[PDB]
């Protein structure tokens, strides 16, 4: 049915040794070369600890993984190996496991993040352009390697504001794109879920990540976190519909032959498109420009095939100051 409009054939060209994570053989490192110092975070899927690589006395992260499905371990490790050297992708340092339990751990680089709720309001207009551009380099890189992140959100984007460095982290939901594959629609955080996930459209692609980027960008320039605040998955679609409008939703549904679940009959009304300018306020207007609105408009589309590619997104006039400043060094 639907096929990605860029990078559709990447996994075809690279072959089984790139994407066949089921047959991954890990060359496990020495667990005793690492010392766990302090827990920094817990996920649904993991626990993250500040650690030391003892031989070099260097600071690093140990991410202990306990998913009920083992192939999710292999998938995360294969993608992290494949993205080696990628710009702004979190660096894999090692993979180790407990000798008795066989519980695996991923070792990554440590990043001194400032939490996004503190960090995002301190950004200038230029900072938003700059960090979105850096995030675009990581998404263009993984898409060009046949990989969808599927969990793009502020929590998975680590920024060292002092060093002006960015890392896209937590590749645990990431997956290889294979033309015509039916993917699980139970991916991403509710506020960052694309319409395709909300209406059970399974033939999605890299363009899912561009919707999620659009939700992050909206929250940064309008200072509303999260931008689409649904109380549940059905409500998430209503919140989107109350901004993009029900007219563009219905042609999209017709275009991809999607039938809405009967649950939407009572809760989904007819809404006109709310123009982007209505979200402009005294507090957020320092982020706002016609280039910014134009950029956001071209990310937040129902139709995944209408959204900018990460590569098109880097060519947008919004990033002209960032491209100019980079050209000065």
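Numbering follows the first chain given and starts at 1.
K.L.:
Quick check: 220-228 versus 142-150, which has the larger average CA B-factor in the record?
P.N.:
Higher mean C-alpha B-factor in the PDB entry: 220-228.
K.L.:
Mean CA temperature factor from the deposited coordinates, higher in 117-125 or in 195-203?
P.N.:
Looking at the record's C-alpha B-factors, the answer is 117-125.
K.L.:
Between 78, 163, 255, 137, where does the Cα B-factor run highest in the record?
P.N.:
Comparing C-alpha B-factors across 78, 163, 255, 137, the top value belongs to 163.
K.L.:
Which of these has the highest Cα B-factor in the record: 11, 305, 309, 23?
P.N.:
Answer for 11, 305, 309, 23: 23, with the highest C-alpha B-factor.
K.L.:
Quick check for you: using the entry's CA B-factors within this chain, is residue 284 in the lowest, middle or highest third?
P.N.:
Lowest third of the chain for residue 284's C-alpha B-factor.
K.L.:
Which third, lowest, middle or highest, does the CA B-factor of residue 94 fall in along this chain?
P.N.:
Answer is lowest: the recorded C-alpha B-factor places it there.
K.L.:
Ordered by C-alpha B-factor within the chain, which third holds residue 248? Give me lowest, middle or highest, please.
P.N.:
Within its chain, residue 248 is a middle-third residue by C-alpha B-factor, going by the deposited values.
K.L.:
With respect to C-alpha B-factor, does residue 159 fall in the lowest, middle or highest third of the chain as deposited?
P.N.:
Its C-alpha B-factor belongs to the middle third of this chain's values.
K.L.:
Taking the chain's C-alpha temperature factors as the reference, tell me which third residue 301 falls into: lowest, middle or highest.
P.N.:
Within its chain, residue 301 is a lowest-third residue by C-alpha B-factor, going by the deposited values.
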